[PDB]
Amino acid sequence: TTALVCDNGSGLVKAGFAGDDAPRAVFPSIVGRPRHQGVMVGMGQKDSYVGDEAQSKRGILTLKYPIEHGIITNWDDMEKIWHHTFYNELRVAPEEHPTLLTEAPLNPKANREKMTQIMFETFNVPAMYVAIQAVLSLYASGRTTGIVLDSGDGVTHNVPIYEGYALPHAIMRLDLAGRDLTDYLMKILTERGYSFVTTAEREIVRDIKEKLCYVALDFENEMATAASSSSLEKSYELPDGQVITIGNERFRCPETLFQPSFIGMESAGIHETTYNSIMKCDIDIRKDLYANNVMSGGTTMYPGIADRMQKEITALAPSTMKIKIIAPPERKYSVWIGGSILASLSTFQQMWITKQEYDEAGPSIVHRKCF
Amino acid sequence: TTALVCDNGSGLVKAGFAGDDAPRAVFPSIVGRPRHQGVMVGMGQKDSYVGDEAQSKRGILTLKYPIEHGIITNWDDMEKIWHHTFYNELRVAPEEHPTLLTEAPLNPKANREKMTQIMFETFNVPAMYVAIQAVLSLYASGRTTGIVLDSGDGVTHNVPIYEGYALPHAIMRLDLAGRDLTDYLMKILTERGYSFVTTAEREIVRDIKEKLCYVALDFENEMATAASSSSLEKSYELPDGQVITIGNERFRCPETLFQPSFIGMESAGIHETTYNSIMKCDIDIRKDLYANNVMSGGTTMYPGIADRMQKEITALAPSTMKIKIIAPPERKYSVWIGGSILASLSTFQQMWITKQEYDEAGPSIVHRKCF
Amino acid sequence: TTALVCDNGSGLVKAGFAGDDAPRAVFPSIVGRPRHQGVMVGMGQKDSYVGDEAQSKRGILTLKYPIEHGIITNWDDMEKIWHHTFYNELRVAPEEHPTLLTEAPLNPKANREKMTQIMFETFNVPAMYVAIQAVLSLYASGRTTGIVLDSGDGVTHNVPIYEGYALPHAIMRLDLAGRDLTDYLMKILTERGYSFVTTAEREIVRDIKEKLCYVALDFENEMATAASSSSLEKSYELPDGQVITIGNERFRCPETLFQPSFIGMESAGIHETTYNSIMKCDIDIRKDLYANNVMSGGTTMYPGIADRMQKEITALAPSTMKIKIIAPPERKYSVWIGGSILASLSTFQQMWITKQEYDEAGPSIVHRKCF
Amino acid sequence: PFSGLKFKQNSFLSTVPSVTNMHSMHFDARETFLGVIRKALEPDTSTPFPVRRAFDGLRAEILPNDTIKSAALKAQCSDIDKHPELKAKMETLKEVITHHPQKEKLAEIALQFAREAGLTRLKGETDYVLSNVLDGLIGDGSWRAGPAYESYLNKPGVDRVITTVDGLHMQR
Ligand SMILES: Nc1ncnc2c1ncn2[C@@H]1O[C@H](COP(=O)(O)OP(=O)(O)O)[C@@H](O)[C@H]1O
Ligand SMILES: Nc1ncnc2c1ncn2[C@@H]1O[C@H](COP(=O)(O)OP(=O)(O)O)[C@@H](O)[C@H]1O
Ligand SMILES: Nc1ncnc2c1ncn2[C@@H]1O[C@H](COP(=O)(O)OP(=O)(O)O)[C@@H](O)[C@H]1O
Ligand SMILES: [Mg+2]
Ligand SMILES: [Mg+2]
Ligand SMILES: [Mg+2]
């Protein structure tokens, strides 16, 4: 039987079958409910919408994300998305296929215990397993050593691994990712008169951030350039036909990733965290970790971010070492791609948590068979 | 057939085919077990790394020394090391090649009895012989009279030999050797903010000691020069790119060989131990034993140690007598070379120990047949 | 004139006058600077806060510790701390009182030379003396024989003293103390959903550790006991009115002291360190050392840690020996009380490092007249 | 038959692995535990030679070091009722194990192996050679039940805790 890999990200849900190269279904992880009163009878009205269908009707809906900062909050909404994932996107029966799930490191244990119960009772899967997202990223890259920086919609974390051995005391986590940048852009866009308050408009801003933002190699010099001429200004067309023009906001939004103090956070930037993560490891493995920086996740897709990270890490590291940043073009699906490989290993088939094992031990069995 | 020589020292295992000028395999006697958690399938499945792979992967391992202060303690680790030496480095069948092992003087009898039991039971060796290391060293030197100072990583011992007649009542043994110097250097590099506490750091500090230390002719005079200027200071590159500089630690570390008071031991220095070793022999051979100081082992390789030895013994010795220090350049492998010589002399093949003899007499045969 | 004693520990500063039974000023050693942009004129006019003032206003500051693992790393902040201690807490002019400082053993030599220079130039103290913390702790116990286990916020060290004579080659030092335990408690508090990331939240976690943690006599039975019922659970109120409940985390956090492998360190626990330090002494003083374990420092007042330490040493020591742990209730100030006693002795007024003696010799004088 | 067997006090300390290595993906808790036990029962020099040898031979037969020997012993121990000599040897091993001066440390190490790495996950279906060894270290026999792990889904605390970092990116 074919295994299922379903990466419940904060922003997007990536699902597919093990052995495939790309996820079959990628839809936003939102659940929308109407906020007006219907007047026209005789047409199909549903109390809720899930996924793409919710996006197309976002002008009349209130969109809510059932996952925040990496931890699932609205379980009833979360159950709906899985049901939509298994029946409307994949057209399969979960009672026949094993499922492999993903989770950020250092999440509360209650989060993964519920993921076991909601899959062995609500959907009745034959078996399931929970894996660390950062590790799955390394599998897709075809390596066995390095330091992984996976930054998605909710959580940015680092996991240094040497020869298949991780160093848990060196794992770093930050609650600073794409959803926080979208809220920041939605704030500095009020500088030019653009206002976006509704959840429908936050989706519009999230699209603006994707298609126009980039990371400048030098912040000061770029700021002076955008303040000198109108070279950096670009135009965007709103869905109602109005046109907006932005200048220095293009590279100010992703700068928070390196200077978190913009949004009031006291933590250091990702480049310092990656350096700080390396120095917590053993002295003999720092040479390899410098040359094997692996990135994955949507927040890494900004143009020029690999160069900016390359410049910053070099300054903090000694002059002798060589810094290499690895950003494969398809890193937006690296976690899922590694998930398909891992579920397709013949050796991995002994690590599943079967239905029989769960009934003997309860939801707590997920803490022992899963890292 | 061709004979095997396997000099088991505390620090380095030197092995090779007898009748050859130089060893063929020199690898450190280190057994390593993984320390951190393993997280990736397929990587791992190796309970214990032994030999050189235990030096490559130091970042994730704990390194234990099976043969401390000469006496073997962890017999399972010693068994693993012997298995590795016979089956991987030498690539020879242990049941088709006579072997030869070495032991320091004044060791516990149980040690060599268990050595013989392992050699004749686990490995089914055809024949074997245990020889005292310094006599082998003298064999390599091509002499028949002299006093030998062998100082390796575990044990520093002396035995005066005159015309092939050893004097057991003059043998001196002192548990102060290379590993103690490395630990003392560890305790003294803290004075400059450098901290080394783990086993991989132990190997790093040992490498620093090998590559930078030297023996000062006048410790008091050299100490003034180091505190006066910076000519003595050198630089070393740590594996992770940091640069350290050490000053008076270059010659204060090897001084413990002459003043064991540095590490808190009440025993006297090696020069005075050699002097006492001669005064315990008969008056008519003292003249010859002054003129044949033969020195061997890695700890003897420090630059200038021969000259300091010569000066100290001349200070202790009578004015008329001539003090001559013999320090062949290959003295790092004098014991192995002497084993190769002794295993190839015709008059030696009647001094073996054979399984047929073992079965009749038991492990007690080793004290009766060997010295 | 009256002497001054100032124990600049890693976490707390203890100061007072010689001959007094208790410190007169005890404030945390933190220097904080604002991290938000001020808006009201005439109210935001200070640059940095010292001591209790930083704790009270920690909501809008970034708290930094000027000491890391007993070694001073930010000398300007240390100058501020000393200035505050001399002027605002004790209200004395340092130019009229000799000072006694404290330092952990095996500390970098530059650390005490700069202390001497700062005291003799910036503050112009008439004379000053540096004492090892563990030795002073033994003064305030009415004994001249025993082994001292001092464990504060940064450094845990052992110093064996027999009949007034120290055995420096048996001094053990370990970089595992209260700050590491607070960090570990912060790391494992995320298992229940409580996330603390900022420095103020670090202080909150430290207070929780101080108030709700205890050492289990038997770890595995305690883990079963807490996992079978809810008897060990306790409630703590966060400063904003929220309530947190912790379970096995009460005795898991202090357990790292005996099993340092939880936080990725390779060193052995405090009991094994004590045993190793004792076993490096002479064979005729072990019997007295087993009977005079002295424990002091803030990390030492976990409830029941004395019984656990005694049980562990009893397991490690031979049966015929008597293990006695000495833990007076005032061991948070044993070091300071001993420092007060020593400066009050009439036989100590000849070992001060006078101002004239420093000018003649330079900062190197503190190495000769001090241990 | 094994009177006067003295052992090193801390021989087995260097063998127990780190707690972090217990959760290794490929970690044989059984083999590591048996290696620790094997190190714990090493005869010292003080023991007389004949009894020392006899115990060494018994230990080699029951507690080997090679993987093939351990596997063969485990396979031949499934139907143990046809090997009364193995019964006698195991009973003799139990008698000397139960009088080990370091029994408490061995028992706590066994409990740590059971809890962290899951030494006894079959909860009564464990190997026979492990059953008698564990019975020697802990005589109550309570290890048949299990480590009695903890659970978080019973919601003893309703949580609802919003700290500084969680208060910024708050939804609804
Ligand atoms: N080309 C792009 N440029 C900048 N940001 C992007 C781009 N594509 C996606 N993103 C952002 O990445 C975020 C997270 O995407 P994803 O990798 O799916 O997160 P997760 O790992 O939580 O599934 C989204 O919120 C989106 O805004
Ligand atoms: N070039 C060198 N300079 C100084 N010390 C050395 C040198 N080479 C080896 N050593 C020391 O010699 C020790 C062991 O060398 P060796 O003679 O092989 O020991 P053994 O006699 O036990 O085999 C090592 O611990 C190392 O510190
Ligand atoms: N009752 C207590 N229980 C547990 N830990 C405590 C208690 N009181 C203080 N501590 C901890 O002891 C640590 C060090 O205190 P202290 O002895 O003042 O350190 P130092 O020796 O560096 O001055 C503090 O960081 C604090 O967290
Ligand atoms: Mg993701
Ligand atoms: Mg040698
Ligand atoms: Mg202190």
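The first residue you see is number 1, and the count goes up from there.
Recorded method is electron microscopy, 3.2 Å.
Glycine is no exception: its Cβ is also placed from the backbone N, Cα and C atoms.
Long-range Cβ proximity for C:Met40 (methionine (R)-sulfoxide), meaning a same-chain Cβ under 8 A and a gap of 6 or more residues, is found for none. What Swiss-Prot lists as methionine (R)-sulfoxide is C:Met40 (among others), and the listing cites similarity to another entry.
Less than 8 angstroms from the CB of C:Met43 (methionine (R)-sulfoxide) sits no same-chain residue that is six or more residues away. DSSP gives C:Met43 (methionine (R)-sulfoxide) a coil state; it is part of no helix or strand. Annotation source Swiss-Prot lists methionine (R)-sulfoxide at C:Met43 (among others), citing similarity to another entry.
Per Swiss-Prot, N6-malonyllysine is recorded for C:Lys57, and the stated evidence type is similarity to another entry. Long-range Cβ proximity for C:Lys57 (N6-malonyllysine), meaning a same-chain Cβ under 8 A and a gap of 6 or more residues, is found for C:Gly32, C:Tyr49. Secondary structure from DSSP puts C:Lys57 (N6-malonyllysine) in coil.
What Swiss-Prot lists as tele-methylhistidine is C:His69, and the listing cites experimental evidence. When secondary structure is read from DSSP and collapsed to three states, C:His69 (tele-methylhistidine) falls in the coil class. For C:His69 (tele-methylhistidine), the same-chain residues 6+ apart in sequence whose C-beta sits under 8 angstroms from its C-beta are C:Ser10, C:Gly154, C:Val155, C:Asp175, C:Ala177.
The Cβ of C:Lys80 (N6-methyllysine) has 17 other Cβ atoms within 10 Å, all protein chains considered. According to DSSP, C:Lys80 (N6-methyllysine) is assigned to a helical segment. According to Swiss-Prot, the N6-methyllysine annotation covers C:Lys80.
Taken from Swiss-Prot, the feature region 'Interaction with alpha-actinin' covers C:106-119 (among others), and the record attributes it to experimental evidence.
Non-local neighbourhood of C:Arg173 (ADP-ribosylarginine): C:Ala104, C:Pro105, C:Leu106, C:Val155, C:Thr156, C:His157, C:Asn158, each in the same chain, at least six residues away, with C-beta under 8 Å from its C-beta. Per Swiss-Prot, the feature ADP-ribosylarginine maps to C:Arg173.
Sequence annotations record features per position, and here Swiss-Prot assigns region 'Interaction with alpha-actinin' to C:354-366 (among others) based on experimental evidence.
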(message) Summarise the region 'Interaction with alpha-actinin' (C:106-119) as counts of helix, strand and coil residues per DSSP.
(response) 11 helix, 0 strand, 3 coil
(message) Across the region 'Interaction with alpha-actinin' (C:354-366), what are the DSSP residue counts per state (helix, strand, coil)?
(response) 9 helix, 1 strand, 3 coil
